[PDB]
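A.B. asks: model the structure of this input:
(4 chains, ligands or ions: 4)
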Number of protein chains: 4
Amino acid sequence: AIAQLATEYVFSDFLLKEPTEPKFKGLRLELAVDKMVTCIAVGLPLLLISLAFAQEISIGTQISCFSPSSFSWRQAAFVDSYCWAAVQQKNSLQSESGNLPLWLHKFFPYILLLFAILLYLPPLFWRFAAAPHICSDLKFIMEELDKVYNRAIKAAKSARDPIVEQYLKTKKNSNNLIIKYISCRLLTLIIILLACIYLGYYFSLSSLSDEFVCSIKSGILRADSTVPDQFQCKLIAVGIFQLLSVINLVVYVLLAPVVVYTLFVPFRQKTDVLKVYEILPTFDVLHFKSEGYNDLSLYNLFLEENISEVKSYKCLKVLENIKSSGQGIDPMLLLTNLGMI
Amino acid sequence: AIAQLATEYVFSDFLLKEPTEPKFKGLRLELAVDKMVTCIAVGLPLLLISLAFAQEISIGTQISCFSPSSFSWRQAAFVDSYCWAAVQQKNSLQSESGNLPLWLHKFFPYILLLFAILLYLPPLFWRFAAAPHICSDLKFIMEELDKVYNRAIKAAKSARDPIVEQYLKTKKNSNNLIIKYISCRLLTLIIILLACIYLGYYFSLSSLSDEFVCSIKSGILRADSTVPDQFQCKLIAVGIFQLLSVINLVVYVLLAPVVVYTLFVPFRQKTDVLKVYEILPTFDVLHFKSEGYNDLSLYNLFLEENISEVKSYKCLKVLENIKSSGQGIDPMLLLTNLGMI
Amino acid sequence: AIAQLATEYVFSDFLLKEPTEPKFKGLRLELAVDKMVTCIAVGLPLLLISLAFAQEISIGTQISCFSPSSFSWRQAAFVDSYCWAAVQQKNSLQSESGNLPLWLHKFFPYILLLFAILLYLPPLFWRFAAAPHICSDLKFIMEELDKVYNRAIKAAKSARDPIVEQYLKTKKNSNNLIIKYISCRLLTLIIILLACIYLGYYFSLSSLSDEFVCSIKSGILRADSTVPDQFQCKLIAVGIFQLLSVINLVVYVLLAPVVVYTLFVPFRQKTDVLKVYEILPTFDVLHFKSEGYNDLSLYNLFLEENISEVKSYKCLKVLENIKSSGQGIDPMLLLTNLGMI
Amino acid sequence: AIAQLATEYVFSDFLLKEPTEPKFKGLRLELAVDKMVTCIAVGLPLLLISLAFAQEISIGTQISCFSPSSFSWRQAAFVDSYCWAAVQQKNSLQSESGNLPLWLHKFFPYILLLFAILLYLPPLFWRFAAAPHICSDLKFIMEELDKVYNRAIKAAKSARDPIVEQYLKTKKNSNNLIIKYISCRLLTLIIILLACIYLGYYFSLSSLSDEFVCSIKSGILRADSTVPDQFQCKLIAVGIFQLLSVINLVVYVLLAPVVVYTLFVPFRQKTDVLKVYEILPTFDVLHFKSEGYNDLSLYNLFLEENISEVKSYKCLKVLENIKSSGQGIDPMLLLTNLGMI
Ligand SMILES: CC(C)CCC[C@@H](C)[C@H]1CC[C@H]2[C@@H]3CC=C4C[C@@H](O)CC[C@]4(C)[C@H]3CC[C@]12C
Ligand SMILES: CC(C)CCC[C@@H](C)[C@H]1CC[C@H]2[C@@H]3CC=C4C[C@@H](O)CC[C@]4(C)[C@H]3CC[C@]12C
Ligand SMILES: CC(C)CCC[C@@H](C)[C@H]1CC[C@H]2[C@@H]3CC=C4C[C@@H](O)CC[C@]4(C)[C@H]3CC[C@]12C
Ligand SMILES: CC(C)CCC[C@@H](C)[C@H]1CC[C@H]2[C@@H]3CC=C4C[C@@H](O)CC[C@]4(C)[C@H]3CC[C@]12C
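C.D. replies: Numbering: from 1, shown residues only, chains lettered A, B, ... in the order given. Ligands and ions are numbered 1, 2, ... in the order given. There you are, the coordinates:
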């Protein structure tokens, strides 16, 4: 049923399943925008494949050939199957548009599936090539940051009663993780553009290319006289193919700008999470994280993503908000917070 | 079976599944009215799609064409499939109402599915764009509020034997979360109005537009003489489509007032949860939360929603009720409550 | 449906299931490259088998024979089944290409399944022959290494306030595990090359070998006169077979270089994990692990794989990174880390 | 689908399910070679049964009889069913090869299933007759051995700062468990040889025995004149049967050497696990476990299997390896290990 496909591919957490493993529990490792881009670009062609052959649209066979009335039931079935298999043998069939349109009409689901798999590949490469590195690294970074906050709080309390910095500093120099990331991003963009090109071509077919003339006159039937010289076959479910093709095209051409936007990692580094902790006196009072096509920018983005997980950041951020309001004091309100654990 | 669809889409918690994650356990993040509006507006077209093709209403094919008696079984099947695919090719078929009614009759399930997906989109954008922010924020707010209550109770006990305020204060100024919310609300309203327009048009079709004249005379069949000039086809299951369309129309036009009501967030801020804690002496004796198209109003609504979760509010609220009755005393009954944990 | 096969064989963790047992929890025992090579080489022919007979491509029967019109329905069915079973009996059928092409056309799915099983065998032999040995050994090695790190940290702290080496040393001499590994690697390579050869041959068939002349004239039918001398049969779904064959061929010929690369275990030993711990003063300041076709190289690779699991390595590695930056000091920053447990 | 059968019977842990019970958690009770032999010998005929009737090979019915054209559809169906049921009644049908080939062709799946069950029986008898005894016994043995190791370690530590032997000794005399084991081994061998004999006979059939002449002339039809004297039936799916039969034959004749090898339990007792603990001074310095067709040999094999489970053995074995290298000292390195628990 259509509604089951709808649930499975839109309303269920399809490709939204968190890593079912104790290694990555609560950590993102994939920016939400990239995750939704991948989910769309992959699940949409699958959904359209499943829709093109839903029992509510498909009338039956994918082809019909209109054998003469003198033919039996089984001779008609033979003609149908023969021409279905003969869309490939270019010697027999003769269509106005050519053999390539028929090739495409027969294998449209396979092509959409190929595009889905190709679009799924770069995210898989990212999840299995650069995900564990950044996972471990930002895990250590959050641990060290929370520890720095606890140290600042203990120092302020004692007054009342920087290795992670060097790590981010050295990360600013290497650029392995960022070229991997922009490589996957560029790969997805290229595959999406090729898919839009193919879909725009396919949707642009003569809309009568699904009608082709087929002839069962190979082998011993060539001398047979009771068979007509040619049969008028028609590839059913081609209009549905072109419609879903134009839909996929319109969606992918809307998606491509999002991808080419995600391509610019330095421009996206905004709402500096480093400033909140910079308000604290103990840690270095410096953002020290911006303006560079290097892994530092990538870690900035992933920190801005996974930063709500540490309570230390939540308290420091609400305190920063009140500082923008300017009501109380930093160490007094920090001691009043009492959120070490 | 119909009853299985009934269970799945009405009696099961379809789209009522709580977030299966330790991050959001017991927190709402979606007002109950918005949740039910989304569940209705999305699951209803899905349910009607599943009903239109239930095995108990559908007689069989979606089309039948009444080929002459001299035709074989397979020639008749070919005519049926050809005309089914030829509802799109406007050159062949000639109907009184036009080709657009037939287009709509064939793709009615796809259109209902498109409307379901479009109506599901804004809630998804809300759940993935503004949900974590408000989640963390109101979580911190409830923690600070419960802590304020424990502090007031300890102070009253010692007599016997305000950062969250500034947070709500600064929230009153920014308006990001409220424009996001009213944007999703307005989006759902626009999509619902477009759906009602389309359904009112579709249901208003001539009810004979499902009968169209089709002609298999393209290709080599144009010279064929044993074929009749045209066939009388009829799109079965169109009356069912129009009936379910009028049902969906009547439901969506009842739903739209609820949406346009939810559009007014300040008017909905009622039964001030802040007053209960204002009865307490320690916390600021002021509502300080009303009368503004800002995130403060949004947080008021979400607090009024998720406020039954904190026991501190339950005790203070029953105490406020007794105060409205006027029997005992506030600190004495608070010490007699003994509900710190 | 095609999309279900897609999910099951690409998007689900097919052959990516971790060992569901408390013996191996978090340990790899299979290099990621070998794991993906096996998953591809095995699941791809299965996916193509499932695709070749998807309800969206398959028109129906796998064969049709075009009996004369005077034949009944059941006589036609008999002719079809007879010729289907008679692709093997070489005395009856006479095809231009020969009987071997028809043999292959009938049993193509069985051959692809055989190749899948054969490619799955060497990984199974590795997982059940050499996996527990290396599991226990590298488990002990990581335990001893973490213990060495804790000892160095305690020594540095006391200043403030080598059996695993011999094990790796003796492992450098034996070469059982490495010949097992390169034997499985060479086995997979040979099977892949044979599969590419067979697929290149099959895809290179005349594309009309699916049409063969069959004759039901054995037994009592030899004297029957109302039967024609021969029937023109055609093996449907052969073009699909050749297409998926060319796809599998193109994928396997891309895979073979990866395998022959994995064949060189010493060349792959890079990014020495031993150097990080060599920076520590307590443990032996020497890599002592390289340049040899022996089990030592294999353990180096498996350590480089499973080394992110021990936190001790994470701390020492970030410290080594800062040392490459050159900001602080080793024992002071180690005491400041405080990551013993 | 074929790929589902592939997953279920090869890639899933079919007959590899560990005992889902707290009594046997982590204990083997079945040597890995015997386990794989049983899994192959049982699951292979099941897999071939499931393959012989996969929807991708089976054309339809298992028989077709070619009734005359004057027959109706239902008369033809009657002829088919009659001859299918009449392969047993030897009075009616007359085939060149005889009635036994047809008997075999009809009941080939049942025979393969019978062989699968018969091969599964001896492992079941072992698992339910001698498994608990050896389970409890080797459990106690490992407990006593680990305890002996802890005692030796405590003695060495005190210097720094034998009932299990008698049990194995008395086990050397009784021979119940070993005759049970070799009885199951011999049973599996005999069943495998009988299966190879039957399969070699079946595959050696004339390949035209699937064509037989059937006659519906019993009862009132004997006087009927409009029925022909005999019908030419053909058992479809017999070539597939013979092919899968030759496959099963080739696999079983490869398996039989493995079984007859497993028959020699004393020869298999190698890589003495007793020597590792013999290196320890406390326990008896003697293997005292070899050279006898008695339960002692069986316990040696099961200990060599389940010996990696005790950490005590792992430490003593790595220490023995270093002793073969000759670097340090036994008690000092044992105290440095610190692996009592
Ligand atoms: C990503 C954006 C640019 C996609 C837009 C759709 C593009 C790729 C489509 C739309 C119309 C298409 C064209 C329509 C018709 C023809 C004529 C034919 O003889 C060659 C291909 C050609 C020239 C097509 C090329 C691809 C095309 C230009
Ligand atoms: C949300 C509320 C307002 C929905 C009410 C249903 C509306 C949208 C429906 C009900 C009747 C419909 C009309 C019925 C008939 C026609 C004539 C046709 O030639 C053009 C469309 C037009 C003019 C329709 C437009 C849409 C319509 C006005
Ligand atoms: C791994 C790489 C090398 C695989 C490349 C495909 C190879 C194996 C394929 C491609 C074309 C094939 C050839 C095509 C045609 C013929 C003629 C025939 O009478 C004998 C086999 C022979 C000679 C084939 C042998 C195998 C072949 C050479
Ligand atoms: C385990 C090994 C030995 C199995 C080898 C296959 C054996 C059992 C097969 C292969 C060929 C077979 C023979 C083929 C033909 C005949 C002639 C027939 O009138 C009696 C049975 C007899 C004599 C068969 C007996 C079984 C047989 C010898």
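
A.B. asks: now do the contacts for residue A:161.
C.D. replies: Not one residue lies near residue A:161 by Cβ atoms under 8 Å, 6 or more residues apart in numbering or on different chains. Every C-beta, even on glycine, is put in place using the N, C-alpha and C of the backbone.

A.B. asks: what of the one 4 residues further on?
C.D. replies: Contacts for residue A:165 (Cβ under 8 Å, 6+ apart) come out as A:283, A:284, A:288.

A.B. asks: apart from its neighbours in sequence, what residue is nearest the residue nearest the centre of chain A?
C.D. replies: What sits nearest the mean C-alpha location of chain A, by Cα atoms, centre = their mean, is residue A:38, with 0.8 Å. Leaving aside its chain neighbours, residue A:38 sits nearest to residue A:123 (4.6 Å; criterion: Cβ to Cβ, 6 or more residues apart in numbering or on different chains).

A.B. asks: contacting residues for the one you found?
C.D. replies: Contacts of residue A:123 by Cβ under 8 Å, 6+ apart are A:30, A:34, A:38, A:184, A:188.

A.B. asks: please redo it, this time with the cut-off set to 10 Å
C.D. replies: Going by Cβ atoms under 10 Å, 6 or more residues apart in numbering or on different chains, residue A:123 touches A:15, A:30, A:34-35, A:37-39, A:41-42, A:131, A:184, A:187-188.

A.B. asks: the contacts of residue A:165, buried ones only, as a ChimeraX selection?
C.D. replies: In ChimeraX syntax, the buried subset of these is picked out as below (16 or more other Cβ atoms under 10 Å in any protein chain shown):
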select /A:283,284
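
A.B. asks: ligand 3: which of the contacts of residue A:165 is nearest?
C.D. replies: residue A:288 (53.2 Å; Cβ to the nearest ligand atom).

A.B. asks: need the three-state assignment for that closest one.
C.D. replies: Here residue A:288 is recorded as coil under DSSP: H, G, I helix; E, B strand; the rest coil.

A.B. asks: which elements pack onto the helix or strand in which the residue nearest to the centre of chain A is found?
C.D. replies: Residue A:38 belongs to helix A:32-52 when assigned by DSSP states H and E. If contacts are counted by 3 or more Cβ pairs under 10 Å, 6 or more residues apart in numbering or on different chains; DSSP states H and E, helix A:32-52 sits against helix A:2-6, helix A:99-129, helix A:176-203, helix A:238-262, helix A:295-306, helix B:99-129, helix C:2-6.

A.B. asks: can you lay out those helices as TSV showing distance to ligand 1?
C.D. replies: Listed next are the helices and strands packed on helix A:32-52 as TSV, based on distance: least, Cβ to the nearest ligand atom, whole Å:
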stretch	distance to ligand 1
helix A:2-6	27
helix A:99-129	11
helix A:176-203	3
helix A:238-262	5
helix A:295-306	27
helix B:99-129	22
helix C:2-6	24
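
A.B. asks: of all these, which one is nearest residue C:340?
C.D. replies: helix A:295-306 (25.5 Å; Cβ to Cβ).

A.B. asks: how close does residue A:98 get to residue B:220?
C.D. replies: Residue A:98 sits at a distance of 17 Å from residue B:220 (criterion: Cβ to Cβ, to the nearest Å).

A.B. asks: kindly apply the preceding question to residue A:241 instead.
C.D. replies: Taking Cβ to Cβ, one finds residue A:241 at 24 Å from residue B:220.

A.B. asks: if we ignore the residues flanking it in sequence, what's nearest the residue of chain A found nearest ligand 2?
C.D. replies: Ligand 2 sits closest to residue A:243 of chain A, with a gap of 23.1 Å, by Cβ to the nearest ligand atom. Nearest residue to residue A:243, sequence neighbours excluded (Cβ to Cβ, 6+ apart): residue B:107, at 7.5 Å.

A.B. asks: list the contacts for that neighbour?
C.D. replies: Counting by Cβ under 10 Å, 6+ apart, residue B:107 has contacts A:57, A:239, A:240, A:243, B:87, B:88, B:113, B:114.

A.B. asks: contacting residues for residue A:77?
C.D. replies: A:61, A:65, A:67, A:71, B:74, C:59, C:60, C:61, C:64, C:66, C:76, C:80.

A.B. asks: can you classify the residue of chain A most remote from its centre by secondary structure?
C.D. replies: For chain A, the residue at maximal distance from the C-alpha centroid (Cα atoms, centre = their mean) is residue A:225, at 56.3 Å. Three-state call for residue A:225 (three-state DSSP): coil.

A.B. asks: please tell me how far it sits from residue D:247.
C.D. replies: 46 Å.

A.B. asks: now, which of the contacts of residue A:165 sits nearest ligand 4?
C.D. replies: Nearest member of those to ligand 4, counting by Cβ to the nearest ligand atom, is residue A:288, at 76.9 Å.

A.B. asks: quick one: contacts for the closest one?
C.D. replies: Going by Cβ under 10 Å, 6+ apart, the list of residues near residue A:288 reads A:165, A:168, A:169, A:172, A:274, A:278, A:296.

A.B. asks: how about the last one: what's its closest non-neighbour residue?
C.D. replies: Taking Cβ to Cβ, 6+ apart, and ignoring the residues beside it in sequence, residue A:296 has residue A:172 as its nearest neighbour in space, at 3.9 Å.

A.B. asks: which residues sit in contact with that neighbour?
C.D. replies: Per Cβ under 10 Å, 6+ apart, neighbours of residue A:172: A:288, A:289, A:290, A:291, A:292, A:294, A:295, A:296, A:297, A:299, C:325.

A.B. asks: shouldn't residue A:315 be in contact with residue A:152?
C.D. replies: No: Residue A:315 is beyond contact range of residue A:152, at 11.4 Å (criterion: Cβ atoms under 10 Å).

A.B. asks: now do the shared contacts for these two.
C.D. replies: Common neighbours of residue A:315 and residue A:152 (criterion: Cβ under 10 Å, 6+ apart): residue A:334.

A.B. asks: okay, the contacts of residue A:77 in JSON lines with neighbour count and distance to residue B:303 next?
C.D. replies: Below are the contacts of residue A:77 laid out as JSON lines (neighbours: other Cβ atoms under 10 Å in any protein chain shown; distance: Cβ to Cβ, whole Å):
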{"residue": "A:61", "neighbour count": "19", "distance to residue B:303": "60"}
{"residue": "A:65", "neighbour count": "26", "distance to residue B:303": "68"}
{"residue": "A:67", "neighbour count": "25", "distance to residue B:303": "73"}
{"residue": "A:71", "neighbour count": "22", "distance to residue B:303": "76"}
{"residue": "B:74", "neighbour count": "22", "distance to residue B:303": "69"}
{"residue": "C:59", "neighbour count": "18", "distance to residue B:303": "62"}
{"residue": "C:60", "neighbour count": "13", "distance to residue B:303": "63"}
{"residue": "C:61", "neighbour count": "19", "distance to residue B:303": "67"}
{"residue": "C:64", "neighbour count": "29", "distance to residue B:303": "71"}
{"residue": "C:66", "neighbour count": "28", "distance to residue B:303": "77"}
{"residue": "C:76", "neighbour count": "23", "distance to residue B:303": "76"}
{"residue": "C:80", "neighbour count": "27", "distance to residue B:303": "73"}
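
A.B. asks: nice, that's everything, thank you.
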